[PDB]
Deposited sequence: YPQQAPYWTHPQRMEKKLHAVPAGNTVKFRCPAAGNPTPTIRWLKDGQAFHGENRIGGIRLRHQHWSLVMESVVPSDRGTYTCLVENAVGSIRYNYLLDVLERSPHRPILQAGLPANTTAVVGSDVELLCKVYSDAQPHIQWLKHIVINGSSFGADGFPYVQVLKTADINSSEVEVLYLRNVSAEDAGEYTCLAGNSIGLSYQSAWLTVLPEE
């Protein structure tokens, strides 16, 4: 019966040192430092005691591998994750980092009415606007419809790609006249989904 100076179970499987989990993605951190007799394991963040009551959503402490789980991770969980397991003699310290990227719970919506109705001639070009409310810069497209058989309201999909700029955003419809008509869209989208808006856009 020697003393207790043990190691973990899976060396390569445990330590990753980096977790760029998107917001709302469940993740858990494990510190299975086994031994004989079984030591005690404590988890703390930013140098302060960590419980299941000081964090939104809720964490669960398992005992099969002695790990805590984070269902519906949130941006407020940024900082450092240090797990400290101490045996009868000595102690083992591990570190973990977490920088959760922002992921909105909705597809990027935009102010209604926009894009405004296109009614102009040469001299005063159309300034089409569409402002999108999002944390980061989302994917915004225009998707001008190709005029085949009056394709403005149909079915079976209408893929008409038209790319000018993606990134409040404005468009300069230079030299507006009676050659480009139809319905215009503001294809605002992100990982969650894509959205577009339109109105009674009728031009000469």
What gaps appear when the modelled C-alpha atoms are mapped onto the deposited sequence?
168 to 173, 211 to 213
